[PDB]
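*Asks:* Submitted below is the structure of interest, expressed as structure tokens.
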Ligand SMILES: [Cl-]
Ligand SMILES: [Cl-]
Ligand SMILES: [Mg+2]
């Protein structure tokens, strides 16, 4: 056994494109619409609960997720990939910030951490 | 001195507000009541750094667990996670905790010793003042206590510690956790030890102290132009 | 093994005025983290206008005070009822302490009274009998909290005349009995806050030409 | 003071309710009888923390066993206790009695001293208070006793253990393990002291 | 394992016959029942040397007492044992049971632990093996038993003490003290092991 | 014990170090140089446990020489001292700490100022006009406190150092077999033969 | 540590003793005379524990002086050495033994022969051509085992002693601050100023 | 032998009306021997002041460590760290060496730049937090400082008054400790000015 | 210097308006073994004093004999032995205190903690403590061993200061003592259910109660406690 | 810190006044010079009680000598009384470092160092710097035999100041005594706090300080 895939699966093409990132952005394009609007005294994020079956209880599937008491997240694209990112995002808010400074991270720095996890899935073996 | 008292529709925990280094009182108004989760609080005795660190770590992991499961956290979870951590470190993490809370299962009161042992009770006490506190609890506790009665019993048990224990003192902090209600944290519920006015003002005339040198300290960043 | 020593805590303070002296102590007796008594006197009238306190191990302090009280009785018997002067009492107590040099009295001894010129006097001893005459002395558990305050507020240490910028020291002055009592009360109030072994009550013995009088003030019981 | 006695209809587990630090009773209503499976229980003596940690791991191991292979034997439960106790002998202070009811094997008792050795016995006693009732239990134990007889034997036995041992005390807790199911019994001081 | 039991007609002293250095049995036919007066006997436990030295001094003290004041009381014999044990507590390892028959006081038992304290009791047990029969003896002792009943009670008691204690063993020696006089009984392993 | 002194004058830093190497009651050498040239304008003197002293100094020398080749620049004494302190501060919580005490004398070409640094085996660092390690420090400090002036010349500094060594020889109980003196100025590092 | 050497030449005995008194890392004196005149033709040099050395020497001096007054005779060195050894031999099994090592140099007027005796704090005595106490023993001995000649003169003896001190200064790690030299011959005891 | 009293030294912090004060002695020693009288124990990262007593190698190491951590904080957060937040960072950093701790007694002082609220805190060597309203003490003369502060201190002192109180608290406490003194520094801290004064004191 | 072998646990006491109460359990423990039951540890001296003793029982029996010998000796050539020259509580205490401090100072102590309860000639309540170190102190409430930790807090809620003593009746005082003995039985692993209680009143004299039992105990709540946290059965 | 040195003008004795219990400064006004008799001085180092008690006792034994022999006791004799007494208690834990200084017609100016170990030494200069006894001064450079009395007083005062500054367990004030023919003279107590600043300003020394 052992993970013998120690090499990058995302490489530059002669045209200077990173294929797997472009194809990922194509998957996002197929995804259901989500939006965000910033007001003077708040921010709103919204999306459609595209129910796979009417027998399915769509309340049990959460597309809009609390990351910290003052930070929310919504997505477009592959749902499973979002669910594991929300789990990693919630955890990194604690391990890399709250367990050090004793307060929740500001929006821009939690974003920076989520951004880092996604960059690594773009270069790592 | 930390106590927990179960009542009809909830659980109450109380603690004194003194921390001591040897025979010296380090803090006259310490906070020994810790929020593990919104409706799960615990009181700590032993090494002050150990009880704070262990409640913050488990409180963090409990919050991540709550978000993962989409369920309000359970006391048995915080209890299980605390005891497995303390047991790992074979008592070298000197955290002695009384863990109380209300959850969907009901009201719970536990105590956790630094070697990783736990116990269940309707009334518990821990720390240097536990024997003073347990003496009051064993005298006045009954089955089917009201909320008002349980607060009275809990604060009285802490007073016993404050008065009769040298390691305990100052004020009484209480936290009431009633089923189907918000936990109310009563910081300085009693103030039995308020210092009296001094005989003299020790405010000095200005210029009393001999100064070798004076200088402005630059706290601002490197300026423009 | 068997340990012959113990610690009963408490703190004693002796201040000497121009024509008076005070010896004060808390009335709290402790062992480990338990309170033994909230009122157990530690400052005694020994006769001939002498007040004595031995603070530390309570057993050794009680024994020493007894031996000195006995010592005063035999001074009168053997010397035609001569009044024992504070300097003579001090020297006698040194010999009492040094007698147990190789099994010491685990106590801090302060005695207060008037000297032969009628001026206030305080004498301080170590456990093995080393003694010295002083204006100010604090003994016991909270000695480290109180002595710096007394250095600052009784001897005006590290205080200079405003506008000299440390060129001229604050003038030393004799304090009144009323001012001295305030400092004693403030010192004990402060020591009670930050020392677990100090509290419950404060008993002050004031020594004048007229005799020995006693004042008591309540302290925090936590 | 803890004991497990095998009778006609199954096995009974008895224990006192006292936990101590030096001479101070930390808990006077301690439950030293703990469930590792529906009809496999253990009696805990020694370190409160060590026995709780071991009992928690065994309950986990038997829950996972049950998921895969169905209801484990009392022998299997004893083996898991032994494995934890033997391999970690240097760092553990735990004396455990394992008692269980099968329908094939009926009542069985296994005792695990400090070493981590295993001994299958018709009945077993353990704890500091056990030393005072060795003489009594050996003279009074019969095989294939009734339920009522076996409850009496344990009540009388632990009654004596509590009387002579400072470390034993409080209430006598018992757990009956038969085909019929699981019964909890409690006996208060006013009852067992006058025996 | 040593015990003294007061019954209707007087007192009986029982003891095992084993003396040990570590795990080696130095003597397997030891007589731990020793005469300090015609109807005052003691049971010796602890150091063989210390108990023999103390017993020898007491016999001397009571022989001199008898010369001057006549037959001493059991209380008097107990007091002399206590005096030697208390005043030399730092240098002695001796646990002694004093048993005697008067005609006025009838049967009396006094026990002297290590401290050198004295306790008058209806019966007493001592030695390493005594710990295992505390439960048994407390449940089975009645006041004003017959001679036959009291012999049975001691035989059964020491039988258990010998069974569980490595330090106890050999034969069960007994000494009966009544108005009738002084009777020595011996019970061999083949007899008391099958009880 | 080993003498290492440092004095910082107006325009230079002088280091005096004992030439004797002794382990117990044996004199291993009388011409030992307890100094390493870290850089052209930086000198380090060391005293401490046998082996550790030279090993640490040579290790530091190699690292500073590596930096000089790589950047074609000389690290400032402040920078070299900080690097040395941090290596010692790592070692105290290591499996086997380096038991070495060092003096760092350097001339900073950027500031045109001499600098003296005292660092102990724990990684305690201070900048001083004069410094010393061991028993010798107690004496020499008091003498230097009286005589030292900050605008002293190199010649004046040598005379004061000469006085310190003479007084140390009389007052010290061990024979340190004289000192080696090295001057650090703008022109570099030189050894004063006459002393 | 303290140097005391003795060499016995053809017609005299020369004693060299270190002039330094040190307790720990402090030098108390640099002119100490570690010698007492026992009699006009007998000299004793001593090294050891502080206080004991002088107290022992002065005690021996007083006893020998008492004998001289009482008998109007001088005890022979052999007799004086035997008295000193016996006092030390008593002290080893005493509550607090004297920790003193002595060299006794004397001229016997009856035999017209110089004698040197080495005695340690245990009361070990030998007569030797040359002797020493402490660390300086191993060196000097081997050196003297090569140069000493039985028919050497006093001047030759001083040169050899001069060589021993010079070699000791280089080889010894502690500073003994020079030696005091005293000659014992028929004419009496004199101190050699030039050394 | 005891690491927390080899080098010696003290720190004290106090709150006043719209101000805080922090002060320290200047001594560094090898037990009885005094080595340096220029060893300042108060450092500042922006407008947050940190005093550290105890083993001097750890005082220097923790200063270098907190400079490192507050520099990275400021680059990422794009603002200076506040007293309340820095307090949590000190605690976190000490407790991660639980079973191999730095032998130090840290003290935090500063004014919250937004709320304007004066803030002081103290810590034990493993990072327990003491958040007192009145005053914090640390070092070999902590007993002496507790005594001085408990009697001299009154709430809501003006900056120039608070200076006299904290100065007299330090000076008189240091003079009753063998391992403290050799000079002293006092920082008076207002919302947007900080004055630093060196005190004349006995050099024995 | 020795070690205690057979030991007695807490002695507890307090003052009330007209006298003093003292109590102690009837157990002599041999370590963890509860070996001797029926050991009396309250020893009356005349009709105005009770001496409660904890610690080594062999040393207690020695002190018992010293007190028995003190009564005999006081009667010698004393026509007022049963009147004006009877032994006072204060006399009996100072003697024991003298012995205790002398024995500690020869490094061979009597391994005990002692409370002397009684009423003086003028009707004044006497209550003072001494132990193996010769340390002495007085308080409206006194207790030894575990009593100091658990009994004092409860008794100090009835009499907190000197001014509370006149306001405290014998019924209230006895109630407080009996409750404290029940708490000590719950929580001391070296206590017994069986105890002795002694009242010394300035009007009604010395009342000595033997074979008292801890009653009105709360255990019923135990049945509802299962496992150490997660167990439901 | 106790200092006693010999010069043409007699004996200079300088001591500090600090007493410590561990790191705690118990006193800054302790008298470390005992005036045995008009011509005899004793310095105190080590245990405060041991030195005070036995040097006070020595004064009694010296007084008895005067009565019995109608003559001043010699410094040699007085020193040996104390040295012979402590030797009896040797190993019992007495801690004493002391210098007996006096002038007599028979011996002239004499200093004897007497130890709790039983060591008794005669020398021209003795210094006790916490825990350490030396045959040399803290400075020793300025020391020449022919010195002005008022010049010699300053050296002794300056020498105590040097030790007081560097040594944590030395400090408080400097007590000065001058011993001559026809008795000793007290040269006052100088607070080190005030002294340090003055000396610094006038001498231009302690430059490493700053003030
Ligand atoms: Cl448990
Ligand atoms: Cl035998
Ligand atoms: Mg029990």
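Protein chains in written order, with the deposited numbering: chain A, 1 to 125; chain H, 2 to 226; chain Z, 1 to 222; chain N, 2 to 196; chain b, 2 to 196; chain J, 1 to 195; chain X, 1 to 195; chain I, 1 to 204; chain a, 1 to 233; chain Y, 2 to 212.
Each residue gets a CB set at the ideal place from its N, CA and C atoms; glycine is no exception.
If we define contact as Cβ-Cβ less than 8 Å, is residue 168 of chain N a contact residue for chain H?
*Replies:* no
*Asks:* Give the secondary structure of residue 168 of chain N by DSSP, where H, G and I count as helix, E and B as strand, and everything else as coil.
*Replies:* Residue state, collapsed to three classes: coil.
*Asks:* CB-CB under 6 Å to residue 40 of chain X, same chain, minus the five flanking residues each way: which ones, in chain order?
*Replies:* 188
*Asks:* Between residue 67 of chain N and residue 101 of chain N, is the Cβ-Cβ spacing less than 8 Å?
*Replies:* no
*Asks:* By DSSP's criteria, residue 34 of chain b is part of a beta bridge. Which residues make up the other side?
*Replies:* b/44
*Asks:* Could you check if residue 113 of chain X is buried or exposed, using at least 16 other CB atoms within 10 Å of its CB as the buried criterion?
*Replies:* Counting of Cβ neighbours within 10 angstroms places residue 113 of chain X among the exposed residues, the total staying below 16.
*Asks:* When the Cβ atoms of the segment 162 to 177 of chain Z are set against those of the segment 7 to 21 of chain Z, are three or more pairs found closer than 8 Å?
*Replies:* Cβ pair count under 8 Å is three or more, so yes.
*Asks:* Residues around ligand 4, please: the ones whose beta-carbon is closer than 7 Å to some heavy atom of it, in chain order.
*Replies:* This structure does not include ligand 4; its bound ligands are ligand 1, ligand 2 and ligand 3.
*Asks:* Between residue 142 of chain N and the rest of its own chain, which residues show a CB-CB distance below 6 Å, the 5 nearest in sequence each way excluded?
*Replies:* Answer for residue 142 of chain N: 124, listed in chain order.
*Asks:* For residue 18 of chain a, count neighbouring Cβ atoms within 10 angstroms of its own Cβ and tell me buried if that reaches 16, exposed if not.
*Replies:* When all chains shown are included, residue 18 of chain a counts as buried.
*Asks:* If distances are taken between C-alpha atoms only, which option among I/23, I/27, I/31 and I/5 comes closest to residue 138 of chain J?
*Replies:* I/31
*Asks:* Please say whether residue 3 of chain b and residue 48 of chain b have beta carbons closer to each other than 8 Å?
*Replies:* no
*Asks:* May I ask which residues mark the beginning and end of the beta strand (DSSP E) holding residue 63 of chain X?
*Replies:* Run containing residue 63 of chain X: none in the beta strand (DSSP E); it sits in the alpha helix (DSSP H), 52 to 71.
*Asks:* Pick from N/104, N/109, N/117 and N/88: whose alpha carbon is nearest that of residue 96 of chain N?
*Replies:* Of N/104, N/109, N/117 and N/88, the residue nearest in Cα terms is N/117.
*Asks:* For residue 22 of chain J, would you say it is in contact with chain I, using Cβ-to-Cβ distances shorter than 8 Å as the test?
*Replies:* False, the Cβ-Cβ gap to chain I never drops below 8 Å.
*Asks:* Got a sec: is the Cβ-Cβ distance from residue 69 of chain A to anything in chain I below 8 Å?
*Replies:* Residue-level contact by beta carbon fails for residue 69 of chain A and chain I, as no gap is shorter than 8 Å.
*Asks:* Assuming the contact rule is C-beta atoms closer than 8 Å, residue 80 of chain H and residue 100 of chain H should be a hit. Round their C-beta distance to whole Å, please.
*Replies:* 5 Å
*Asks:* Where does residue 114 of chain H fall in DSSP's three states?
*Replies:* Note: residue 114 of chain H maps to strand in three-state DSSP.
*Asks:* At a Cβ cut of 8 Å, what residues of the segment 14 to 43 of chain X count as close to chain Y, listed as they run along the chain?
*Replies:* 21, 23, 24, 25, 26, 27, 28, 29, 30, 31 and 32
*Asks:* Under 8 Å between beta-carbons, which chain N residues line up against residue 41 of chain a? List them in chain order, please.
*Replies:* In chain order: nothing, as chain N lies at least about 17 Å away.
*Asks:* Please classify residue 106 of chain J: does DSSP put it in a helix, a strand, or coil?
*Replies:* strand
*Asks:* Using the Cβ count rule (16 or more neighbours within 10 Å means buried), how would you classify residue 211 of chain N?
*Replies:* Since the first residue shown for chain N is 2 and the last is 196, residue 211 of chain N is missing from the structure and cannot be characterised.
*Asks:* According to DSSP, is residue 87 of chain Z part of a helix, a strand, or is it coil?
*Replies:* helix
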